[PDB]
Each structure stands twice: as C-alpha cells, then as structure tokens.
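Notes for the one structure printed next.
So you know, we letter chains A, B, ... as the sequences are listed, proteins then strands, and number each from 1. The basis for the numbers below is simple: all heavy atoms, side chains too, and nothing from hydrogens, waters or symmetry mates.
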Amino acid sequence: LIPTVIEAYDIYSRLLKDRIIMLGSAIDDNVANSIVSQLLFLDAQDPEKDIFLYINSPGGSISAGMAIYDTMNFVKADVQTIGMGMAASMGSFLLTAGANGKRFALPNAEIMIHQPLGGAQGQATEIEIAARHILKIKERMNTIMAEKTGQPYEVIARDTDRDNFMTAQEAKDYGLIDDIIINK
Amino acid sequence: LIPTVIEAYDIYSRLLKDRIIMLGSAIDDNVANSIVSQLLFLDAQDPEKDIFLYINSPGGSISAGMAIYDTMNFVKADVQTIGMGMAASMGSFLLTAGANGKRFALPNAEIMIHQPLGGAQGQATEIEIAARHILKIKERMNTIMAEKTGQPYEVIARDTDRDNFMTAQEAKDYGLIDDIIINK
Amino acid sequence: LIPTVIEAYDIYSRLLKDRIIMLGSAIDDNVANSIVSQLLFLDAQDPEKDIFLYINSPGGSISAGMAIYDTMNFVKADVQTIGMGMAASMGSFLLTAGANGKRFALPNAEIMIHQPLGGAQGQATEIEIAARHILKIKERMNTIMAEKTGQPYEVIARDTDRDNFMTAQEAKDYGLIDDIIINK
Amino acid sequence: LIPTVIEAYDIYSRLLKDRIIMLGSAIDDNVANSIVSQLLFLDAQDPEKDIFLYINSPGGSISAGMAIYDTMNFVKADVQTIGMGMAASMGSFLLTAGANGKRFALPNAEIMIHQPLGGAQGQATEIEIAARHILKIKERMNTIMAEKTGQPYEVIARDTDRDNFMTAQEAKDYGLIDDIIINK
Amino acid sequence: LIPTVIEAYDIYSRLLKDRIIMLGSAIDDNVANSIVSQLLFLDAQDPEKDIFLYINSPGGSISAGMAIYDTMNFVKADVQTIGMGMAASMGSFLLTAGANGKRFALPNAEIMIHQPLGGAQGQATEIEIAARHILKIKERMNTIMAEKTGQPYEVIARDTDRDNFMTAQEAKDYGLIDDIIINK
Amino acid sequence: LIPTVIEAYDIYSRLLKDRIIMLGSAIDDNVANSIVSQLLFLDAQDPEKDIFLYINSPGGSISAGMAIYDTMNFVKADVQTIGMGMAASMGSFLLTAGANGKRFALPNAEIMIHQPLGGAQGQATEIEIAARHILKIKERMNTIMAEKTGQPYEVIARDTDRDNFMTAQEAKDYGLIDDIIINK
Amino acid sequence: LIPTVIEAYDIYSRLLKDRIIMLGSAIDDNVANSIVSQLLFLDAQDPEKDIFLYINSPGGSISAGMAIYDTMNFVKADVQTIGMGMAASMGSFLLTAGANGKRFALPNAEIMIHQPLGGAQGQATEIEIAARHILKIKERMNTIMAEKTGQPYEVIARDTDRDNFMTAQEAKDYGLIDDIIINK
Amino acid sequence: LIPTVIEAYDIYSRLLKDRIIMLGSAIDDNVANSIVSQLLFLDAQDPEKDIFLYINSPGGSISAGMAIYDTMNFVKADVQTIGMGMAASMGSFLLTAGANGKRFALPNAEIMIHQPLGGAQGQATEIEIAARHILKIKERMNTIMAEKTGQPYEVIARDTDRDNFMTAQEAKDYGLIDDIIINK
Amino acid sequence: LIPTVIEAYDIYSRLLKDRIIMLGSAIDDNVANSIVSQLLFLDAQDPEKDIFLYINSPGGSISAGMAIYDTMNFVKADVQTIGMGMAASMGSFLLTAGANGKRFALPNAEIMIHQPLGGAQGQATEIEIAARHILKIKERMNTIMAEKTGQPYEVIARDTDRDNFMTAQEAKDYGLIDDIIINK
Amino acid sequence: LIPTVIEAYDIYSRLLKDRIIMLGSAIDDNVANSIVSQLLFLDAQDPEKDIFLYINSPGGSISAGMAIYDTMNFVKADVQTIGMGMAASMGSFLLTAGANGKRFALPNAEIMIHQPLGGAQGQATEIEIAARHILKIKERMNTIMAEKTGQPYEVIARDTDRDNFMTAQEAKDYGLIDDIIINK
Amino acid sequence: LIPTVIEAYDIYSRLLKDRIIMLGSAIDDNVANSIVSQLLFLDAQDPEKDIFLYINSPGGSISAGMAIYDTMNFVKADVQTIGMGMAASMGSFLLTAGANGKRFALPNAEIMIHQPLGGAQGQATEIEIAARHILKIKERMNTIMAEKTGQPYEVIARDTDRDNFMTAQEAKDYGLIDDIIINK
C-alpha cells in the first residue's frame, strides 16, 4: 500500500512537490530513469531551490548509478543527499556525490563504500576488452571519490575493494558526509 | 513506482510536456511503438520546436530501432539526442541519429558501437535468404553510421563488428556525438 | 510505460484524436477487435476525413487480419497505410490493402510478402476440409494481392509462398506500396 | 492496450453509446454475462432503436451462448448481427439468431456451422443422464437452426455434426445470413 | 473487457442503478459478499421497489449461497429471480428462493436440482460431527425447497440427490419457477 | 520401496511365480497392458493351473478395463478374483468377471458398482456419435453384469448409474461375488 | 540411501528373509499393496513361522489399511506387531490388529488412537450416500477396536473421535498392546 | 511396475521370447523405433515363424506408424494382429495391415477408422507444399486401406474422414479384420 | 519400455550384435556421440562386414550430423542406409551419404531434402563471421549432395533451400537413394 | 539410450577398453572429473600405449578444461586428439594440447579458437582481483597456444579474442592440428 | 556418462581399487559422507599403503569439510593431496591438510585461500551465539593453516579473509603445497 493524499497524489508525489526524492530500492535501469526524470522535472520547475535526495539503497547497476550521478551534476539546483538505513555501493557513491557541505546521514545509517563486480562490462563477450574496461571505470570511480572525500586516491582504491562497514560518525570523519543530522 | 505530478500526469507525461522523451530500456516493439507515438504526437503539437530524446538503452530489436530512426527523420522537429549511463548497439545508433550538431553525451556515459545478431531475419527459415538478408541489413546500417559519424565505411564496418567501449570524449573524437554537456 | 497526455488521455488515444491508428504487434483476435473498433469509431466521427494506419507487425492470425481488411473497406473514409519497422505476412497484406495512391513505407522498413501456415483451418479435425480450406483462402488472398499490386496472379502466388525480404524501394517497384515517404 | 476517447470512455464503451456490441472472443460465462448486461442496458435505454452485434468468435460454452441467445430474443429491440473474421460454433449460431432480415457478414468472413461437445452435460457423472441430455440439447439447437435458415432439419443436422467452412456468399445461400455488407 | 457507461459507471453498476443484480459465476465467499452487499444497498436506497437478480451459476459453496438466501429474505423489497443459461445446485436453490409469483427462467435455461457434497463441514476433522452436520444441513435445504416448490419433502429429498436436467417447462410444472418469460 | 527376493525377483515377480496378479492401482493404459501381459504369460506357462487376480482399484479407463476383461475370457486358465480394500467401477466389474464360483472378497472390502463417464468416447468430436456410443457400451456392460450376477438387466442398469456402497456380504447377496473368504 | 547386503539384497529384503516387514511411511495404496504382497509371500514360504511387522506410520488411507488388516487375518502365520516412533490413526489400528499376546511397542513410542476423515467415501458425489457410508465405516472400525482392545464400544467411539497421545504404558493399560518390549 | 520373470526378463521381454509384441500406447517415434526393432529382431531369429502383434493404441504420429507398417511388410515372418481395448487411427490402420487371414479382434474391442491431421507435414512452413502433402498422404493411406479391407476407395475415403466406432463384428463385416477370437 | 533380450541385452544392443544401428530421433550431440561410438565399435569388430544404418529422423544440429557423416567415411566397412518413416534435413543427408549402391528407403518413407537454419554458427555474436560461415557450410553441403546424387550443383542448391516432400520413388529418380526395398 | 555390448559394458566402456575416450559435451566439473579419471585409469593400465581422445565439445568452464589439460600432460602415455563435428573454445584448446605429431580432425569438423569469459574469476567479488586474474589466465593460455601452434603470440592473442571458424584444412595450416584423417 | 570398467566397476570404483579418491565437486554433507566412507574403507583394507586424494572443488560447507579433515587425520595411512583445476576455500584447506611432504598441485591449478561465511552457525537464531561461533571456528581454521603452512598466524588470518588467486608456484612458496608435479 502507498497512500493517496488530496491537496490527488501518491505519498511520493506529494513529497516531490516539496522537492524530496526517495531513492529507496536497488538501483536498476527503471529506478535510474525514474530518479533522472525527477531531477529533470524539479530543475525545470525551479532551478534555484535545493533538492533533497534521501538514499536507502543496497546498490545496483553501475551504469544506472552513473546516470543518476551525471544528472545530479547536470542540474543547476544543489542536490542534497541524506543517507538513511543503508547506503551500500552505488548508493554510498551517490551519497558522497551530493553538493559540497550538504551531504548528511541519520545517526544509525549503515554505510558500505565497497563497490563489487556489478556487471560493468555490459554485454562484452571478449576477455581483453571486458576486463580492461571495468578497471578503467573502477579507476575513474575511485578518482571521483578521492576528490569528494579528500582522501588520497590510493586510500580510496584500497577501501572500496573490501567489505567495510561504517557508522555515520566514521563516515563524517572519512569525508563521505559533511555532518550527521539528528533533528529539525 | 512512477510519481504523479499535478498542475494529473505521471513523471514521464510531465516531461513530455517539456518535449523530453525518455528512452531508458531495451528496444523491443512495445518500446519502439511508444517512442514513435511520442515523436508523432510532439511533431503535431509544435513542428518548429526541438525534441529532446534521452537515451539509456542496452539496445534491442534492429527493426524496432529502425522504426524510431525513420520517425526521427520523418518528423519536422529537430530531434536532439543525449546519451547517459549506457548507449549500446541500437542505443548508440539512435544517439548518432540525432539532429546535426545536437547529439550529446553526459561526461560518464558508456558508449558501445557493436551491433550484434539481433534476429534481423524475422521469421525466415531458409538459409540463403536469412544469411544474405542479415548481411544486407548490416551493410546498410554501416552505411548510415558512416554518413552520420563522417567515418569511412571501412572503419564503421570494422568497428561495429567488435566489442569496444568509448568514453564520451572518444565518442566526440569519433564523430559519434557533437559535444559533451556537463552543466546548466 | 505509456504516457498520459492532458488537453486525460494515453498517447495512442491522443493520436486517435488525430485519426492515427497504431498497429504495432502480432495480429490476434484482441488486436483485430481493437483496430476494427478504432476504424468504426473514426468513420462515425467524420466519414469525409482520412484515417492513418501505421503498421509495424510480424503478422499473425489470418482471419483476425481479414476482419481488419474487411473493415478497412467497409468504412467510407480513405485508409492510408504507413508501414514502418517491419511489415510481414498479414502486416504486409494490410499495408497493400490501403487506399489507392495512399500506401506508404518509411525508407528503412523491412517487408515480407510471405504468408505461412498460421492456422487458417480453425478447429477442424478432418483433413479433407482443412487442407482444401487453406488452399481456398490462399488462392483468395493471392487474388486480392494481384488486384492491389497489379502483378499477375501466378507471380504473387510464387512470391507469397516463399521467404522473401523487400526494401521500401523494391516494394514500390513491385506495387506493394505507392511511394516511399522520407519527410514532413 | 485499449484506447480512451474523451467525449472518458474506452473504445468499446464509445461504440456502446452508438448501440454497437463487440463480441470478439471465446464465449465463456464472463463473456456471456458482459454481453447480456450490454443488451439489457441498451434495451432499457431505448427499446425502439436497433442494436448492432458484431461477432468474431471461435465459439465456446453452450449454456453461455444460450444465455446470450435467450436475451437477444428477450429484449424488445431488433438485434442485428454482423459476422466478421470468424464465426464458428456458438458464434455462428448467435449470428443466425439475429433479427429477421438483419443478419450480415463482411465479404471475407469465415463461418463454421459445426457444433461440437462443448461440455453441455455440466457436472453430471451419471452416463445415461449426460448422454441423453447432450442429444436433447443437440436436437433443440438443430430445430432452432432449421427455423432460422429454412433448411430441412435433416440438412442442418448433417452440417452441425461435421467440420465445414462457408464463405459469406455460401452462408447467404444457406440462409444463415440475409446479406453480405461490403460498404457504407 | 467490462465496458464503462457514462451517465462514469462500469456496465454492472449501470444495471445496479436499475435495481438489477447479475449473479453469473460460481458462488464462493467473495461473490456471496458482493451479492449480499448489493442487496443491502438496494434495500436501503428504496425498500418499496423490486430487485431483479439474474442467475447464471454452476453453484458452489453451500454456506455462501445460504448467506445470499438469508439476505434475500432479510431485505424488505421483493427479490425476483431470472434464471438464464445454467442454474445448478446453489444456483437453482437461489432461483426457487425468489419471491412468490416472481420466479422466472428464459426458455432455454438448464436447471439442475442436484445439490452435491460442496464441503459443508467447513474444517471439521472429526468424523461424527462432519457427517451428521451435512445430513442436518441437507435436511434443512430439502425442507426449504419442499415449501417453495409445494412438492412433498420425500420427492424433493429424492430429486436433490440425483443428476437430472430440467427444461424451463419441466421446472414450471415442478414448482421451481412460476413462469417462462420469452419477451418484453 | 519394493523389496527384492532371491530364490532375484521383485516382490510382485515372486508372487507371479505363484500365479498371483496384483491389480492395485487405477486402471489406465499402462496398467491394462501390464495385466494383459501377465495373464498371457501365465496361461502360456501352464493353462491348467488357476490364476489369482487380487483387485484393489478405484477404477479407470473403460477400454483399458475391457482389454483386461477380454483377456480374462481369452485365457484357458480359470481366473479367480479376490477383492480387497476397494473395488470401484471398472475394478468391481473385473471382480464380477471372475470365473464362476471363484469370485471372492475379504470381509472389509468396499465395493462400488457405479460406472461413471470415464471418457468411453475416445477422441470423438461430433456429438451424435460420441453420446450414442457411450450408451451402447453402457448397455453391453449392463448386459455382461446382469448375466454374471443373475440380477434382472433393469436392476443392474439402475444400480450402476448411482453412487452405491456395498459390504462383502451385500455383494455376495447381490451375486457380485460367490463367497467371502476370511481365512486359509 | 538404502544399503545393499550380499549373501544381493537391499536392507529391507534382507530383513524379509528373517520374516520382518517394515511399515515406515504413510499408508497409501502403493504401500498397502507392498505390505499385502509381503504377507502373502511370507505365509507362502512357511505358514507356521511367525511374521514380525514393525509400525512407524502417521496413518493414511482407510481402505488401504483395511486391505492390510484383512490380509493379516487372511494369512495362517501369526502377525506380531511392534510399534516404534509413531503409530497414529491407521498405524495404531494395525498395531492393535496383531496376533493375541503378540502386540508390542518400544518404550518411547507415541500412540495416537484418533482415526480421522481420510476420505472414506472414495469419489461419491451424492450427499446422503457419502455421509451415511462414512458413519458405517466409522462404526465398523470402532467395533473392531472394541474387539481388539477389550474396551467397551462407547469408550472406543469417544476416544477415536478426539486427539490424545498414549505412552507405551498407557496403551498397555488400555488394551492396545500386550507388552512393552525393552531388551533382547 | 513391470514384473521381472526368471527362467532375468521383464514381462514384455518374456513375451517377446514367445514372439509376442505388445503395442499398448500412443505411437510416437520412440514407440515406432522400439516396435520396428522388435520386428527386425524377431525376423532374424526365425524367419519362418509367425509374429503376434497386439494392438491397444489411440493412434499417433502418421510417419511413425508408417515405419511400423513398412517393417511389417519388410519382414519375412507373417505378422498377425490382435486388436484389444482400442484400435483407433494409426492403431486401426496397423491392425488391418496384419497378414492375410490373420487379423483378429477380441469380442469387446473398440475400433475407430478415423485418421485425423496428425502433423503429417513435418517441419514445413509453406502453405502450398504442406496442404498438398497432407492430401497426398491421406490419399495414399486411403488407397492402402481399400486394398487391405477390400472396400472401394470411395468408401474408405468417406469413412476415414469421420468419427465412427465399430464393434469387432462390424469390423469383420467391413473387411477390417478376418475374425473375432473369443477363446483358447 | 525397451525390452531386454537374453542370449543380458536391450533390443538395440541385440541388433548391434547383428551390425544394425538405429538412428530414430532428432540429431543432437548425444545422439551423434552414440552413433559414432557404435560405428567405431563395429568397424573394430570386423572391418570386412557391412554396417546397417536405419534412419528415422526429423534432422537436427548440422555439426552433430557431420560428425556422423565423417565417421561413416572414416570406417573401413561399408555403411548401408535404410530410410524409414521420415528422413528430413540431416536425416535425408546421412541417408544419401551411405555407400554406393547401398542406399535404400522403405516404400512409404517421407523424404525432405530441405536443410533449414539449425544454428550452424555455434556461439558467434559477430554478424560478419556467422552469416558468412552458414553460407560456407551451406555451399559445402550442397557440394557433397551433388556428388552423391549426381544432380548438378545448381539444382541441389535450389532444392535444399525450400520445403520439399519426396516419395521413395521420387527420391530414387533424383539420386538420393539407389533402390526401394519392399521385402526380405 | 546407450547400448550394451557383451564381451556387460555400455558402448563408451567398450571403447574405453580399446583406449578411446569420448569427450562429447560441454566441459563442466562433472565431465572434467570423468575425463581425468579415464586418463588416470588408462595410464595405470598401460603407460606405453597411446590414448585416443575424441573431441566434440562447445567448450565450457576454464578450470575444468585446465584440469583435463594438466592430466593430459601428467600421464606418461601420448594422448592423441581427434576433433570431430565441433571443437570450440576449451574443446579446441584441448585438441591442440594433444601429443606432438598426433593431433587430428575429421574433414568436415568445425574448429573455433575463440576463448570467451567462462567464469574464470571463480567466486571473487573484488573488482581489481577478478579483472587482473582473468587477464593473467588469458595471457597464459595464449602462451601455451603459441608454443603448440608455432604462431606468434600476437597472432594467437588476436584469434582467441574473436569469433572465427576454421575448416580442418585451415586448422592444419594454422598449426592447431597435425593432419586431417579421412580413412583407415 | 560414467563408464563402467570390467576387471564390473564404475570408473571411480576402479580408481578406488588403486587407492585413489576423487573429490571433484562442491563439498556438502553427502559428498563429505562419501569421502569419509572412502577413507575409512581404504584404511581398513590396508593401513600401510598411501591414499591419493584428488581435489578439484570450489569448496562448500565448513562442518562437512572439517569431517573430511578429521578423518584424514584419523586414518593411519598417509593421505596425499593433488590439487587440479580449482582448490578454493574448503578445497584449498583440505589440500594443505594433506600429509607432510606429500601435497601437490598440477602446474595450472587455481588456488584460493579465501574462506567466506559458508553458514558455519548451523541453525542458531540467537545473534550472540552465531556470531561468536563463526569467529571461534574461523580462529581455529586459521590456527590449523598457520601450522601446516609454517606461516605466522597473523599472515594467515589476513590472507584467509581476502580474495586472492595463487598459482601453483606461489602456493609452493607460501607453504600450501610441497611441490608442483608436471609428469609421470
């Protein structure tokens, strides 16, 4: 059940009117396109007002995530990220990708930086290309993360290739989020 | 879940009101029909106003994509193409098919030029028709891409027959896209 | 996703207001019922104005398509056919069945004249009636095609009994379509 | 997909407003109920105007068809029947059961008189009851068909017991339908 | 397809507005609840105008039908019953349960008095409770039928325990229905 | 599990050496052919020694049963029948078919004479033949039963068309079995 | 896995060579036929030596157990019963059916007297036949157990109608078994 | 379960040792291959000794049956046929194909001469080959049956195209079988 | 059921002792492996004695059948082919591949020369290699057929590319088989 | 069906006695284990005699093939490889890995050098490890193949990374196989 | 297919006769029990001769492998371990668990030290028991590895918790195996 608010909206539609986007499922291609569209709609509505992207996702397709990421940068509006419950892999990468000074996590949010295989080599059958591609895309993901966190590249490259859990406080200290929001 | 904006639309229907079409999945015949109708509808509304076609597609049915392609050329309105996430096979072909100087890619989009089997011989069961037909369709697709990329036929013929990924930058250097859009 | 235009419509219904019928799937009884009702409705609205039937279909049930064909003739309004993507079997038949001077194909449509088995003998168990009936319906379709294409009966009968692919230009020469439309 | 005209109807409901009932599938209990209700509704709307019943059906359950048959006779208004595409078994029986002088068929329609088993013996497990019942129902259908067509009983009985296809012209000669409608 | 009349009703709701209830399926607890809810509504709108309950049902759950039975008696308004197609078991029982002088059948309706097992013992695992109960309920059904038909209990008890089909005429002589309606 | 006796036999094979045939499942076509073969093998082995056919079967295919019946008569050896647990429909008919004076039942054997539909009309699609055939085969089954039991034909015809349970004692009194075997 | 002793038997066959029958599953028709066949065979080898039947069964079909029950009485050899793990419903009925003085249970055996529903009315569709038959079969089971246990009928009729568990010692005091075996 | 006689054979293998082949199921290609091999094997053993082929088959694949038929004629040994239970379509055709004066039926065997569709056009997808081929196969089967029954082609052509049952006696009068075997 | 001859054999193994190989199903890799091993084994037993290959097959995988074909030539012994029932595609190819003067068909075998798609391009994704390869293997099979039949290359290429049914007599004329065998 | 020679072997086991190993399916872990064991067995039987490895495989798991490859080298005896029908990927790699001067192929065999993904990165989820591993395994296969064929590394690397079919003759020229065997 | 050597063994049983055990699949409890049973047998036949355990396993259940581990130590005979193809997790753990000086790997074997989760907490629903246990068992596995490899516990504890592939050479240097065998 998803309730229907009359001003007739569904609950998410009503939140969208207040510029809130809920990313609360695994990031596949249908999810990406729904996020992208919402970011396109909001920026056309009012490109001055901030946008609030709440993230609760175990991750998903790397190209689908990169599409959300690129649209976050494309839009004129500052995109604020709030991690809740769990932000793992592409979810945690999207959290870190929020506008500077505006990346948040609720006190008890699980955060995993590890980005696993995920099938980044699309439909490639040849070994030479498929292996080498996923290293390139691995490499330019580690670079965007080094920049956003201020961690040396090599630390990032090491940390995203191992299972590692973080509390909201450790994530703040790491540079993945700017602050922990408890209230307001 | 697809949110429902009220001015009641779904999120894509609202984006259609801003002349934006979202091609975000495999190109089967349902998809092709939906797109073609969106293009036809948009052209009827305002023939002098550009159409923005966002591509995030792993590819799909060759004749289906060809229906979209022909309709892109059929309509009077210029059809801009913006590649995000992934544009492969028929995805990448429709991307190159965008209006002159109006094909774009976001900074991290993956582009694959490779166009595979695809079931191009419909319901044919005879060897000398089917095999000859799939060479004939391959050749005429090479020819169109050579025209649209500026590349010699030989180069397209070699490149579309193998798995290779391109950055948005390499896509620009190739003649595939006109520019990388980063902001605004 | 089928987008929902407001002037409450879906995309095909909005096209229907402009006298456009989208036949974009395998022809079965549901499809046949749908198209017929669309043709019946449009003719009742304005018998003087033409109807535009876009075809993208691999074919299907012969009796279902024949219901369409008969209704295309029953209506007072001229029925233009625009083949796109693929027009095979019954699809290619209904394309040719369009009004004189008003049968078109987009430049890269694949056209198959071949009409295979299908199941024209409904639920008949007796060999004598079933086999004779499919020859009778074969002959009676070959005749309608010969009249519409101008081709001699013996040629049509030779060409519809085998797997055969035609380009839009070849189909114009043969008399399947009147013209290839590229623009407007 | 069923399109939605705005005067907010679906296509069939719009045709229902012009007193057209579309029967386009196997006659089961759901379909029968739908058709009976549509007839009941139209008769109560205006009992003096004709009802048009288009028939494209492979047939089905005998008591279901017999419910539609009874209602056709029950209502005050003349029920005109148009056979299109295929009318077999129950479909053809209902086509013949249309108002005197007002039973038609499109030129390429297939008609099958053959009326098979059809599960007429409901839930009976006793041999002597089920077998004698199905012979009794089989007898009273032949009788009804003799009266409608003007063919001798022994002629009908011979034809309802064998697979056999009729063209629209043969059906006219037989007495199943009054005329072929080609235009208007 | 359930067509949607605009006065914006579905076809059965439009009929419901003219005090007509269509019981045209196997009687389970969902159907029971819907019919009961329809009778309750109709009586509360107008207790003085008659209700028309159309029966085309193979029967079903005994306690479900008995809920319909009791509500038919509970409501102030006279419930007329019209049997079409098939009224078997609980279908035939509800038909006879109609208001005195107001029980009808269309000329070709199949009536089956036979009331078989039907799981009347709910989920009683005990043998001596389950068996004695179905005897008790069978007894009280026979008793209710005997009174509505004017038949002796012993004849009803004999006829309810065997497979026999009745025509509309036989059912009238028996006392199941009051008249056979052909027209109007 | 079916145990394996060394003299290596399976338990039934070992019983077959002592001229015992177990018919202990529903009579389908694979079962019939297994029974028939066993009766053919035993009679070839020694046509003087009696055969013991133990029957525990809910019935099955009528033509399959008739094949067993015919082979029981074909063979030279007297075929003794012993009903145990349950002998219903074709099982009870096979029990009655045992050699005169040599049809038995164990004290607590359930016996049902009722022979229901069972699909005796093979693959017939036409009503006239299929109904009339199953009455013929009904009739010549009642005749064989009248003879074997010594009951008047009409009593048999009435009793085999209703659900009716019998104890071994009632079956003896009826003439279905010659005696009840308790011991030895 | 069922191991294969050589002297080449599976483990059960090797036990059968020492006159031991293991009934260790639900009592359906396959199992019943197997137990019946093992008893017949063992009585054939040596009718004077005793048979040991170990029982671990939740229950199963009544007629199937009745088959085993009758065969136990039919054979000349004494059938000793031993209850291990669980003897419920038909399993417990068979346990009591063992030879006088020779009914046993291991110390920790669960014994459930409750004899439930278990579809004792085969496939009878008539209410009054099916209900009265199951009461008849229920009564003749109570009678048999009253005879085997020494309990008055009224005690058995009440006990076999409710769930209760008995320890080995309680079963002995009740008269279900003759002794608890512990050693040797 | 298939019993295992020791002299180790299965029951059919032992019957093969007495030159008896059991055709007791639908004639698919596995069955046809098995039979053909049995005939080939038997002919190799003793060319001068008759082969007894028991038929109990609803029919099946036409080319499969034709393989058995040709092999029956191929072998030097006379192949007697004995129809039991049911011989329909390809079953009844193989029955008539038995050696001169050596085709038999048991007193209660059901014979159906009707030979239906059967998928005689293998893997053909073209209309004018498949339809013509199935008439050609129908004609040559009629011709063989006319030869084997002594009936005029016209009579066979009429009779095999409709559902009719025959008693073993009617089969004898028709020329289908040489005699009814009742005893020995 | 596959019968188990004793001289421990199964029927095909017994035939194998007489140098008979049964190819009776669709040709896949398992079948191909089986036949090859059978041919390899027989040639090692006695290279001087001929091998008899019976064919009843709808065809299958081209590379699998080609393994058979190559092994038919590799062996020292002459390989006779006897087509029965159906020999289509690869089946009809391996038939023609038999030793000179030693290729036969039974009088009523259906023979199809048509070799359709199959999947000759294994697991190739590239169109250029896949389409060219199937033409190369088509040509190379047309050549082998032309050599074996004596027919001119251009005729074979025309006839193997279309659906075509041949009788045993037509196949003899064409040069597919050397003779039709009726007896012995 | 796998036939059973009596010297009691199945067909493959009889060929195993003449030192022939048949590899005729996709190389998974079960198949690898079977082949390794067969090699281990033959080497221990007689290390001085050659082993014949027939290869008809689409390929499969890389570590599985690499186990067979290692064992081929591990054993003392020369392992001769014969390619028949199809040898692709792992199949072709194992064909080339046969004893120097003793790698063959039948004349119509298809060989594919292309070695795709194949799940070489086992159960690794870390990106950098899985990608670099598959490049390392890909490198050491190319190296092995360069040494066996005598082709330059850069030539092998080009061919193992693309779809490509070779005839037996081309494989000889390439260095994959030493000779084509046609006869003997 | 598992070939069946006659000295009548299956291939693995023949190898078992030469003291060879093939562990070539995922280690679950069935495989555990089989390997254990094989070690127990071999030690009881001859305690003085060595046992050869071949490992090609992705690993599996921890408590299953540990059963194999303990039995390897329990038996008197030295257990040599030969790693081929893939020895991962519990596969690699068993490989190192081999007898001192007697642990080998074939040149191209993939070794993965990584021991992941593997459900080591059975069915413990409690959090503090399940988590503390897997830590405890992980600790004692690391301890056993440290002793067998001569590596410091801290290095083993670090390497067992990460995805890393080792070649045969690396594994030798590490102390996992004693030597790489190429031949003999």
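Within the 3.5 Å criterion, the main-chain N or O of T125(B) finds a donor-acceptor partner in the side chain of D163(C). Panel note: side chain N183(C), backbone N73(B); a donor-acceptor pair is recorded below 3.5 Å. Checking side-chain atoms of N108(C) against main-chain N and O of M66(B) turns up no donor-acceptor pair under 3.5 Å.
Interface remark: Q38(B) contributes backbone and side-chain atoms alike to the contact with chain C (heavy atom separation under 4.5 Å). Interface residue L15(C): only side-chain heavy atoms are found under 4.5 Å from chain B. Proximity to chain C (any heavy atom under 4.5 Å) is shown, for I68(B), by neither the backbone nor the side chain. Heavy atoms closer than 4.5 Å to chain B are found in the side chain of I11(C), but not in its backbone. When heavy atoms are compared at a cutoff of 4.5 Å, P107(C) approaches chain B by way of both its backbone and its side chain. When heavy atoms are compared at a cutoff of 4.5 Å, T4(C) approaches chain B by way of both its backbone and its side chain. Only the side chain of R140(B) comes within contact range of chain C, judged by heavy atoms closer than 4.5 Å. Contacts of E128(B) with chain C are absent, with no heavy-atom separation under 4.5 Å from either backbone or side chain. The contact between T167(C) and chain B is made entirely by side chain atoms (from C-beta outward), counting heavy-atom distances below 4.5 Å. Heavy atoms of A124(B) lying under 4.5 Å from chain C belong to its backbone as well as its side chain. For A8(B), the part sitting under 4.5 Å from any heavy atom of chain C is the backbone (N, CA, C, O) and nothing else.
Using a 4.5 Å cut-off on side-chain heavy atoms (C-beta onward), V36(B) and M84(C) make contact. In this structure, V75(B) and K184(C) have side chains that are not in contact, with every pair of non-hydrogen atoms separated by 4.5 Å or more. With contacts defined as side-chain heavy-atom distances shorter than 4.5 Å, the pair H114(C)/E126(B) does not qualify. Here the side chains of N56(C) and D29(B) are in contact, with some heavy-atom distance below 4.5 Å.
In plain terms, the two heavy atoms of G122(B) and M86(C) that are nearest each other are CA-CE, 3.8 Å. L16(B) approaches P3(C) most closely through the heavy-atom pair CD2-CB, 4.4 Å.
The number of heavy atoms from other shown groups lying within 6.0 Å of CG (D173(C)) is above 12. Within 6.0 Å of CZ in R132(B) there are 12 or fewer heavy atoms belonging to other residues, nucleotides or ligands. Surrounding CG of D18(C) are more than 12 heavy atoms belonging to other residues, nucleotides or ligands, all under 6.0 Å away. Other residues, nucleotides and ligands contribute at most 12 non-hydrogen atoms within 6.0 Å of the CD atom of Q123(C).
Of the inter-residue distances, the one linking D70(B) atom CG with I82(C) atom CD1 reads 13.0 Å to the nearest 0.5 angstrom. Atom CZ of residue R162(C) and atom CD1 of residue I129(B) lie 6.0 Å apart, to the nearest 0.5 angstrom. Considering OG of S25(C) and CG of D28(B), their distance stands at 11.5 Å, rounded to 0.5 Å.
Ion pairing between a basic and an acidic side chain is recognised when a charged N comes within 4.0 Å of a carboxylate O; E7(C) and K17(B) show no such pairing.
In this pair, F74(B) and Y54(C) present their aromatic rings perpendicular. The plane angle is above 60°, beyond the 30 to 60° band.
Counting heavy-atom pairs under 4.5 Å between each of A67(B), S37(B), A44(B) and chain C puts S37(B) at the top. Among the candidates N164(C), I2(C), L1(C), the residue making the largest number of heavy-atom pairs closer than 4.5 Å to chain B is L1(C).
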Practice item. For the pair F41(B) and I20(C), evaluate side chain to side chain contact (heavy atoms under 4.5 Å, CB included) and give the outcome as yes or no after the intermediate values. Key: CA-CA 10 Å; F41(B) 164 75; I20(C) 295 144; over 6 Å; no
